[PDB]
Structures are given as C-alpha cells and as structure tokens.
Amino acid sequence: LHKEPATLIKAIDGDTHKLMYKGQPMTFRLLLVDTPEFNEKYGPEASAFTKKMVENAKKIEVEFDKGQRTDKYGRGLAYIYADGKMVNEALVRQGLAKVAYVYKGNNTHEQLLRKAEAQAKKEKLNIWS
C-alpha cells in the first residue's frame, strides 16, 4: 500500500470526515473500525479524538487498501494518517473504536489493529471499561 495526499475540509464524527482528495471533496470512512455514533456512549469522545488528531496534523494522508475504494454510500474507504500516525489504529488503541467491518481483500492492517484492540482491552480503556 502507499500513502497519498489529502487535506481536511470538515470533521464529521469518530470514523468519518470530509477530505479533499485529488482536489475533490469526498467523505471518507475509516477502514476496519467502528466508532460509536455521536448519540451513543463514547460517541462524543470518539468524534473529539478524531477531530483533534486530524485538525492538529500538518500532513493528512490517505492510504487505500487493495480492494474497493468507495462504499455503497459513495464514501472513500481508507486508512488515514495524521503526521504519519494512523487514525484508525489510534482510535482502537484508545478504546474509542472496535475492530469491525473486516471484509476480505480490504484487510491489510487487520492484525495491526487487532493488536491495538487487545492492548486497549487489557487497559479497560473507554468502550472496554
């Protein structure tokens, strides 16, 4: 896999945000994770965590996996990095998303994420409390 540039347009929630990629606005949905919806327990904390991590970054990048790049709602499907740090991983490490939605042929980072989830669980962080 490889990273490509993007810029932030607007935060949305824990696992979606609007980015400009190849100069077009697109809503991205983070691969391999599920944050709670805003109206659910830990939803607001997830949305805050993602918003802060991406808004504070000097460099946002998008990394597609090997399979489909957009979902049935038109959302980009990627791993997002903020100053080289993956958001998807960081959310799971902090117990603010579950590993989820692991579809064959878009699961390159599955084991990396599962490892974070294990540590978040060991620590009883957030969702796992």
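Residue indices: 1-based, along the sequence shown.
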Higher-B stretch (mean Cα B-factor, as the entry records it), 89-97 or 57-65: 57-65
Can you tell me which stretch has the higher mean Cα B-factor, 44-52 or 74-82? 44-52
Which listed residue, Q119, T16, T108, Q24, has the largest C-alpha temperature factor in the record? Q119
Grab the CA temperature factor for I9 from the record and place it in the lowest, middle or highest third of its chain. highest
Among modelled residues of the same chain, the CA temperature factor third for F28: lowest
